[PDB]
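Per-entry structural report
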Protein chains: 2
Amino acid sequence: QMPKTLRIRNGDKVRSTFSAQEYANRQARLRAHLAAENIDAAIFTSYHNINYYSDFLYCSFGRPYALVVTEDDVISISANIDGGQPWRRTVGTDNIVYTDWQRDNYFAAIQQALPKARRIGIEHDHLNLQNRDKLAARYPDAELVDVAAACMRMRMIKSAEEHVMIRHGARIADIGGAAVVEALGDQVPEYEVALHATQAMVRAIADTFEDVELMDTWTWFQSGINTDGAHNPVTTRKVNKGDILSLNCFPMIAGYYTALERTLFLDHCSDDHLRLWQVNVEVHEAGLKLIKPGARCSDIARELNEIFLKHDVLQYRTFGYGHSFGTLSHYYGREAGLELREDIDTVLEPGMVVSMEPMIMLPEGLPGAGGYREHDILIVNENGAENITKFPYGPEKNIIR
Amino acid sequence: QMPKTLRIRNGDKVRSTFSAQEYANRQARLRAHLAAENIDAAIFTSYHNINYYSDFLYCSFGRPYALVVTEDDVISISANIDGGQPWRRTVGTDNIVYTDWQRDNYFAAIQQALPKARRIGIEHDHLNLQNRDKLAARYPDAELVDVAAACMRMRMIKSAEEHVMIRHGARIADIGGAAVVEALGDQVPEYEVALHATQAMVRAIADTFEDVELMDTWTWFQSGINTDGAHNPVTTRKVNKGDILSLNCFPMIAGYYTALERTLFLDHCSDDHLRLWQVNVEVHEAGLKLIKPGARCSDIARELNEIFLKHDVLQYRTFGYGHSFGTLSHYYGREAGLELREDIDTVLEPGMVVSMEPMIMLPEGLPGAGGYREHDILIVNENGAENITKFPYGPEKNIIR
Ligand SMILES: CN(CC(=O)O)C(N)=O
Ligand SMILES: CN(CC(=O)O)C(N)=O
């Protein structure tokens, strides 16, 4: 007979990514929230809140995943395909597996985990209509309430242990920087260098952590037109001497993202290029000093925009000055409170980890046409910000010969 | 606060994946569906449905995207950070760019593409709550109705251009195969082996295809207990001879997924493992003979289950026998009306592309503990099915000496 749910407690639970106290403290806070709002349970569906509160980063493949938090339990809800793996990772009190063998066994693992509730916490910014229709009909009485906004402002501030991991990741993003430069060669295709820098960083992650999963780490190396978009995919484009290049290296550790992005030039850079690179570096140096406790996001933006207006390129600009770090990727995560944009009145506090990442982009046509961008990570402390990114920027270094 | 929407026509339109006629055929069948439903526009927000229809595969990083499809238009809605890259990919009539500079500019660009509707068709299995509440507030006069079910069933039957694409990708997965075998040494870490395979594949895609974007292509290469869930993340475990191994190699080409998966051993396989591999290989060669037009998914599950039950192992199956190919990856797509599951009664039809990947998994400590899995892809045609997976399976060849 084909059961709807099981348990697969296979092999031993791994050494987790953060201490037990770290997890206990995040799970404590979130429950002080539930309790304050008379929310019986949270059901998380998103990669990044599952990961943040239990150390399990799931693989969706178009199956649903869940983490159900009550005052007493933390229960991960995985697919039978994953075997014992979700259980050996979860920092929580249980793991219930659902199977393929009937439709919507997932909502039976859920109702298993949380047999009754008058008020349930869901991620409005992540749960879809069909799944919400589903969950509401397993609990027609419950009130379903957002929790995502309250949990994002709790992830907005980093722990010390979070800061140490973001330091190690910025050290690795530094190594993938150096392996970009080594690989970098006239007539090199973009994908050769991106393979090279990827292997250099997976291989340092493997090195620094023992019970580490090696996932999703990547490199975007962009050249010539392909620098016109800060997330444009790797292409077969051969690098020529003098072309504008963009180095972007992203170690992914345990769901934790860090980045190194850097304008570079092979052999030379022309003076129409050098002079726009030197305006972009001047706004980057300025924003470094603007990252301080007590600074409001909105104001950092307007302060910085005056520099680009002084130089007649403010229109070249393409995206916010910086965002928040933490557990996020290109496909999950990101604390929307946390963005360096013209209408975000958020004040920086100690503990936050923000980037500084000015960009200008000049279309094809214009002298110096191409994307320029430099990206550092700062940790907000007492007294200022500690910039953790040590690879050099700007023309004094990044014209490679 | 500076503009909200703009256009960037930067550079030239790339050479698309498919033929213009392939994109005209897809958008003509979508429009015949919307007009028969009297739905004024579809708004797609999913990776898969935007890729399917317009050949633009976006990078979220926590920004929303759209494809708005009318009887006359196809407009993509991409963020200012990507500059010109969306428009160069979009097989459509317009691209509109929204900026970061004020909140929910994205909505301002959709109301720009689609100034008035009465009934707008959206994806319930993808769209989130919060966005759906913002959309509805834009268009209070308008009925939001699901199109993702209509679209999945359209996607389910591939054209011949899609077939030839999926042959290409299975060829390159057979190249990623042989690089696993190249790389396999005693006491090789999992990650090294993954890295050597996926470099093999990146470079193959980059030969074959022109105008191609090199993204997402991975390997899972699992040893010992890490073979206990098919989607399990590379670790730094080293391979011992005799360990049970799993090779899984996934070329990701223009949003088109294919995969090779094979049990293998280095130098020898115990008795207990051999016995269990030969069962799983037996159920695989039966599943290959059941895949044919007319067949029900339900009857296929339930015949192979009889085989496994004859070897008293059925209780060790972990997931469905296989699924539908097309535009998907680990983080998007998958045609849920296409699954080789016990209660699914879709009938296979020519042009479907499915897998056959039986698995059993025995928990540590039982004799022949580990995960066993073979995985081929089959094109369904008018007479049977063509199996595109050419790498060998079973012990005759996958005991690597
Ligand atoms: C993450 N990304 C920034 C953004 O999406 O705002 C970068 N660094 O290009
Ligand atoms: C995609 N995955 C199959 C599934 O999720 O059912 C692989 N082949 O292991």
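Below: a short report on this structure.

A word on empty space enclosed by the protein
- Under the defined criterion, the tally for this structure stands at seven cavities of 30 Å³ or more.
- What lines the largest cavity is a set of 46 residues, among which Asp216(A), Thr217(A), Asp216(B), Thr217(B) and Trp218(B) lie closest to the centre.
- The set of elements that each furnish at least two residues to the lining of the largest cavity consists of α8 (190–208) and β8 (218–223) of chain A together with α8 (190–208) and β8 (218–223) of chain B.
- In terms of residue count, α8(B) provides more of the lining of the largest cavity than any other element does, seven residues in total.
- In the lining of the largest cavity, the residues fall into 29 nonpolar, 14 polar and three charged.
- By volume, the second largest cavity amounts to about 170 Å³.
- In this structure, the second largest cavity is lined by 20 residues; those nearest its centre are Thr17(B), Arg89(B), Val212(B), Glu213(B) and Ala254(B).
- Class assignment for the residues of the lining of the second largest cavity results in nine nonpolar, four polar and seven charged.

Some words on unusual backbone geometry
- At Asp216(A), a residue that is not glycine, the phi angle is positive and equals roughly 50 degrees.
- Taking the relative accessible area as the measure of exposure, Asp216(A) reaches 26% and is therefore partly exposed.

Structural notes on the relation of the copies chain A and chain B
- Overlaying chain A on chain B yields an RMSD of 0.4 Å, the required transformation being a rotation through 180 degrees with an accompanying axial translation of 0.0 Å. Such a combination of rotation and displacement between the chain copies is what one expects of a two-fold axis. Minimal C-alpha distance to the rotation axis in chain A is attained by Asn128(A), lying at 2.0 Å.
- Of the interface residues in chain A, 97% have counterparts in chain B that sit at the interface too, so the contact is made through matching surfaces.

What to know about the interface of chain A and chain B
- Between chain A and chain B, the residue contacts involve 72 residues of the former and 72 residues of the latter.
- Carbon and sulfur atoms make up 59% of the surface buried where chain A meets chain B, a total of about 6,500 Å² over both sides.
- Three residues stand out in chain A for area buried against chain B, namely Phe61(A), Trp101(A) and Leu129(A), and they jointly supply 13% of the buried area on that side.
- At the boundary of chain A with chain B, the tally comes to six salt bridges.
- When the shortest N-O distance is used, the salt bridge between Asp228(B) and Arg88(A) registers 2.6 Å.
- If you look at where chain A meets chain B, you find 35 residue pairs in polar contact.
- Those elements giving two or more residues to the side of chain A that touches chain B turn out to be α3 (85–89), α5 (129–138), α8 and β8 of chain A.
- It is α8(A) that provides the largest number of residues to the side of chain A that touches chain B, a total of seven residues.
- When grouped by side-chain class, the residues that make up the side of chain A that touches chain B number 30 nonpolar, 23 polar and 19 charged.

A word on the sheet that holds strand β2 (residues 41–44) of chain A
All names here are of chain A.
- Spatial ordering of the open sheet is given by β1-β5-β4-β3-β2-β6-β7, a layout of seven strands whose pairing is mixed. Looking at the sheet topology across the chains shown, the edges are occupied by β1 (5–6) and β7 (143–146).
- Sheet topology note: the strand β6 (residues 119–122)/β7 ladder contains four bridges and is parallel. Note on β7: the bridge partner recorded for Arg119 is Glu143.
- Against the sheet, helix α2 (residues 47–54) engages β2 and β3 (66–69), with an angle of about 50 degrees to β3.

Comments concerning the packing of aromatic side chains
- All chains considered together, the criterion is met by 46 aromatic pairs over all chains.
- Both rings, one in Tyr106(A) and one in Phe107(A), keep their centres 4.9 Å apart while their planes meet at 75 degrees; by these two values the pair is edge-to-face. Here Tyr106(A) and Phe107(A) have matching classes, each one buried.
- Both rings, one in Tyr257(A) and one in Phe61(B), keep their centres 5.5 Å apart while their planes meet at 70 degrees; by these two values the pair is edge-to-face. In this pair, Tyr257(A) is assigned in strand β11 (residues 256–257) and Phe61(B) in the loop between α2 (47–54) and β3 (66–69), connecting two distinct chains.

What to know about the pairing of strand β17 (residues 376–381) of chain A
Residue and element names in this part refer to chain A.
- In terms of burial, β17 is largely enclosed, as five of its six residues are buried.
- The pairing of strand β14 (residues 353–356) with β17 spans four bridges and is classified as antiparallel. From the neighbouring strand, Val354 faces β17, where its bridge partner is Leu378.
- Pairing of β17 with strand β18 (residues 384–387), which is carried by four bridges, proceeds in the antiparallel orientation.

Digging into the environment of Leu274(A)
Residue and element names in this part refer to chain A.
- Within the fold, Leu274 resides in helix α9 (residues 271–290).
- Along the sequence, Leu274 and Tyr52 sit 222 residues apart, while their C-alpha atoms lie 42 Å from each other.
- In contact with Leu274, other than residues within four places in its own chain, are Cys269 and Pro395.

Brief notes about the site of ligand 2
- The local shell around ligand 2 consists of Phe61(A), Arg63(A), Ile81(A), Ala230(B), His231(B), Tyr257(B), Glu261(B), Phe319(B), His323(B), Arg334(B), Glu357(B) and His375(B).
- Looking at what sits near ligand 2, you find residues from chains A and B.
- One of the side-chain nitrogen or oxygen atoms of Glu357(B) is found 2.7 Å away from a nitrogen atom of ligand 2.
- Taken by itself ligand 2 offers 280 Å² of open surface, and the protein chains cover 100% of this.
- Its residues placed into classes, the shell around ligand 2 shows five nonpolar, three polar and four charged.

A look at the site of ligand 1
- Around ligand 1 sit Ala230(A), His231(A), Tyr257(A), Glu261(A), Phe319(A), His323(A), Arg334(A), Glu357(A), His375(A), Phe61(B), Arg63(B) and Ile81(B), and that is every residue in its neighbourhood.
- Chains contributing residues near ligand 1 are chains A and B.
- Between ligand 1 and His231(A), the relevant distance is 3.0 Å, taken from a nitrogen atom to a side-chain nitrogen or oxygen of the residue.
- Contact with the protein chains covers 99% of the free accessible surface of ligand 1, which is 280 Å².
- For the shell around ligand 1, a count of residues per class yields five nonpolar, three polar and four charged.

Side note on the pattern of salt bridges
- A complete count under the given rule lists 53 salt bridges over all chains for this structure.
- The shortest N-O distance in the salt bridge between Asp133(A) and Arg132(A) comes to 3.3 Å.
- For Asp133(A), a relative accessible area of 39% translates into the label partly exposed.
- Exposure remark for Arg132(A): the relative accessible area of 33% places this residue in the partly exposed category.
- Linking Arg262(A) and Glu374(A) is a salt bridge whose minimum nitrogen-to-oxygen distance equals 3.9 Å. Placement of the pair is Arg262(A) in strand β12 (residues 260–266) and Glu374(A) in the loop between β16 (370–373) and β17, with a sequence separation of 112 residues.
- According to the relative accessible area criterion, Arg262(A) is buried, its value standing at 0%.
- It is possible to trace a salt-bridge network through shared partners that takes in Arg63(A), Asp100(A), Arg334(B), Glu339(B) and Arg341(B).

Focus on the layout of surface pockets
- In this structure, the second largest pocket spans a volume of roughly 440 Å³.
- Together, 20 residues line the second largest pocket, and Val14(A), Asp211(A), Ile225(B), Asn226(B) and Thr235(B) are the ones closest to its centre.
- Tallied by class, residues from the lining of the second largest pocket come to four nonpolar, six polar and ten charged.

Thoughts on the packing of helix α1 (residues 20–37) of chain B against α2(B)
Residues and elements named next belong to chain B.
- At a closest axis distance of 8 Å, the pairing of α1 and α2 adopts a crossing angle of 120 degrees. If you check the angle between α1 and α2, you find them oblique. Along its contact with α1, which presents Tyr23, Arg26, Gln27 and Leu30, the element α2 presents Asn51, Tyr52, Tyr53 and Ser54.
- Grouping the constituent residues of the contact of α1 with α2 by class yields four nonpolar, three polar and one charged.

The rules behind each value
Residues numbered from 1 in each chain as written, not as in the entry; some residues may be left out. Chains lettered and ligands numbered in written order. Heavy atoms only, no water. 1 Å grid on protein atoms, 1.4 Å probe; cavity = no way out; pocket = protein on both sides within 12 Å on 5 of 7 lines; lining within 4 Å. Points joined across faces, edges and corners; volume = space filled by probe spheres on them. Helix = DSSP H or I, 4+ residues; strand = E, 2+ residues; numbered from the N terminus. Nonpolar A, V, L, I, M, F, W, Y, C, P; charged D, E, K, R; others polar. Buried < 20%, exposed > 50% of the residue type's maximum accessible area, 1.4 Å probe, protein only. Least-squares fit on C-alpha atoms. Contact = heavy atoms within 4.5 Å. Buried area = accessible area lost by both parts, 1.4 Å probe. Salt bridge = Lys/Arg side-chain N within 4 Å of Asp/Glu carboxyl O. Polar contact = N/O pair within 3.5 Å; in protein donor to acceptor, adjacent residues only side chain to side chain. Pairing = 2+ DSSP bridges. Axes fitted to C-alpha atoms, helices over the stretch in contact; angles between N-to-C directions. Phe/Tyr/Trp six-rings, centres within 6.5 Å; stacked < 30°, edge-to-face > 60°. Near = heavy atom within 4 Å. Areas by Shrake-Rupley, 256 points an atom, 1.4 Å probe, with all protein chains shown as cover. Parallel < 35°, antiparallel > 145°, perpendicular 65-115°, else oblique.

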